[PDB]
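Trainee: my sequence and its experimental structure, below.
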Amino acid sequence: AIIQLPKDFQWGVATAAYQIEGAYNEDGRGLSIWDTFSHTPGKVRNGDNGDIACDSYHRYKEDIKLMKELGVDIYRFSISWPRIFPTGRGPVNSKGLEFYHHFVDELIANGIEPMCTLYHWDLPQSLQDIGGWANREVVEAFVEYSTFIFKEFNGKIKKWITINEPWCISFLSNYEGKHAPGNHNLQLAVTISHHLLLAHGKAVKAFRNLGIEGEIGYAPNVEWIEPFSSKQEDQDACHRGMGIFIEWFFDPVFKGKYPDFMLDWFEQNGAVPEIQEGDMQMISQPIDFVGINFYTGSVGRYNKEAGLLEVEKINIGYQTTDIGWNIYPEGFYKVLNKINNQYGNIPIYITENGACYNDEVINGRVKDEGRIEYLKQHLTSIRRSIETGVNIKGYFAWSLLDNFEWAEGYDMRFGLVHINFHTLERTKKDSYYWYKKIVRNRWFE
């Protein structure tokens, strides 16, 4: 069966600063909460950290050459906030600011549009010292940082993401404690989630006010959770299971409200977001597009002992990637429909989609056919979604390079390009060559 993507469909790859850059204490860069966290005993598998990573701070021209051969239209990357403002505020670090000027200019020189994520989890440790995202001064510090970057790049970067995956920044980082800074407190996570939406809306209003050229959105991750049965308790369990990703972070942006079923559930569990007057009006700024990060899904069954949301996620027969995530391309199609039906025809970029497969170099080749199959399946769901009328503009494969995968360290590879983390040698995988052909041909079988 032939799958054909539209002529105007945009192809990209995506990375994040702390995951690839390295040079963590060079050219004036201050520490982030992920520097602190990954050097804390027991927080990252194998004691990995992002001190060196792929060393893409230095080798960014070698990485840009990889992308021109690949043929992508857009490159999604992030800016390290503590590389621009080592303390989060105050004096600009000139070497860090010029690094991204050299990068963006060389990108455009090679014919690649930049898409910039302002915040991809590397909060300056100086700001975490005063409470981090729990402190509304850090929200303001984000606006001032974004404003600096907007003005600094108004000619060159025309696609912008404020906050990447606020669900991870808040709940995964401050309730489950698995990501930096590693707290375990539901009320704190609930309030931090509100502050991230506030930081986003303020960054958006700044973008408008200053008349920056281009378009701006944010990049939530979402899952599809299919009800185990028609029983109401299973329907509600899945409503909650997806609502923590979708309604909780989309309703404030699109409808100016938090969903009542989530508010009531949180309240029964002792948490209420601390909303100050004018917050909701500031959150609900109009955005140009939404970035969807999608990897996985499941079937959900009500179970009173299944965590806070009381939903048991069941693998009813999916393949899994090497990090253990269900492969559920039909869920991808369904979740995009859910979003289109609830929030309208807003433009959508798939700002992340990819698979962990830990395939090694053998005779100079990486035979990662599992990754090719994953990409085929999710690009098929995107084609189905476009035909159903979802306003999908492009696709970013996660990731260009194998990189530092947060609490999993270097052992969980997502790249199209293999990285020897001892030698920093790059090796194009089979999926790189496949993606290259698909980006050019715009069809596959």
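Mentor: Alright, I've got the coordinates. Residues are numbered from 1 along each chain as shown.
Trainee: is residue 397 in contact with residue 351, as I believe?
Mentor: No. Between residue 397 and residue 351 no contact is recorded; they are 10.5 Å apart, counting by C-beta atoms under 8 Å. C-betas here are computed from N, CA, C, even on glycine.
Trainee: and for these two, which residues touch both?
Mentor: Where contact means C-beta atoms under 8 Å, 6 or more residues apart in numbering, the residues bridging residue 397 and residue 351 through contact with each are residue 14.
Trainee: can you name every helix or strand that the longest helix along the chain contacts?
Mentor: Secondary structure of the chain read by DSSP state H shows that its longest helix is helix 186-209. In terms of contact count using 3 or more C-beta pairs under 8 Å, 6 or more residues apart in numbering; DSSP states H and E, helix 186-209 is assigned the packing partners helix 136-153, strand 159-164, helix 166-167, helix 173-174, strand 215-219, helix 247-255, helix 279-283.
Trainee: pick out the residue nearest the middle of the protein.
Mentor: In the chain, the residue lying closest to the centroid (C-alpha atoms, centre = their mean) is residue 164, at 4.3 Å.
Trainee: show me what contacts it?
Mentor: Going by C-beta under 8 Å, 6+ apart, residue 164 touches 16, 78, 117, 119-121, 218-219, 291, 293, 351.
Trainee: sitting in strands, which of these do you find?
Mentor: Cross-referencing the contacts of residue 164 against strands under DSSP state E gives 78, 117, 119, 218-219, 291, 293, 351.
Trainee: now those residues as TSV including distance to residue 97 and neighbour count?
Mentor: Listed next are the ones in strands among the contacts of residue 164 as TSV, based on distance: C-beta to C-beta, whole Å; neighbours: other C-beta atoms under 10 Å:
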residue	distance to residue 97	neighbour count
78	15	23
117	17	25
119	17	27
218	23	29
219	23	26
291	24	29
293	27	22
351	24	30
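Trainee: show me the beta-bridge partners of the residue nearest to residue 246 when sequence neighbours are not counted.
Mentor: Beyond its immediate neighbours in the sequence, the residue positioned closest to residue 246 (C-beta to C-beta, 6 or more residues apart in numbering) is residue 222, lying 5.5 Å away. With DSSP bridges applied, residue 222 shows beta-bridge pairing to residue 294.
Trainee: count of neighbours near residue 222?
Mentor: 26 (other C-beta atoms under 10 Å).
Trainee: and for residue 300?
Mentor: Other residues within reach of residue 300 by the criterion other C-beta under 10 Å amount to 28.
Trainee: mind listing what it touches?
Mentor: Residues 225-228, 234, 237-238, 241, 311-314 are the ones in contact with residue 300 under the rule C-beta under 8 Å, 6+ apart.
Trainee: quick one: it is in a strand?
Mentor: Yes. Secondary structure assignment (DSSP: H, G, I helix; E, B strand; the rest coil) places residue 300 inside a strand.
Trainee: roughly how far does it sit from residue 245?
Mentor: Residue 300 is 12 Å from residue 245, where distance means C-beta to C-beta, to the nearest Å.
Trainee: how about residue 157?
Mentor: Counting by C-beta to C-beta - residue 157 and residue 245 are separated by 27 Å.
Trainee: ok, back up a step: would you list the ones in strands among the contacts of residue 164 in JSON lines and tack on distance to residue 173?
Mentor: Written out in JSON lines, the entries for the ones in strands among the contacts of residue 164 read as follows (distance: C-beta to C-beta, whole Å):
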{"residue": "78", "distance to residue 173": "16"}
{"residue": "117", "distance to residue 173": "17"}
{"residue": "119", "distance to residue 173": "13"}
{"residue": "218", "distance to residue 173": "17"}
{"residue": "219", "distance to residue 173": "16"}
{"residue": "291", "distance to residue 173": "19"}
{"residue": "293", "distance to residue 173": "16"}
{"residue": "351", "distance to residue 173": "20"}
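Trainee: just these now: which is nearest residue 101?
Mentor: The shortest distance between residue 101 and any of these, using C-beta to C-beta, involves residue 78 and amounts to 15.5 Å.
Trainee: mind listing what the closest one touches?
Mentor: Counting by C-beta under 8 Å, 6+ apart, the residues that residue 78 touches are 15-17, 116-120, 122, 164.
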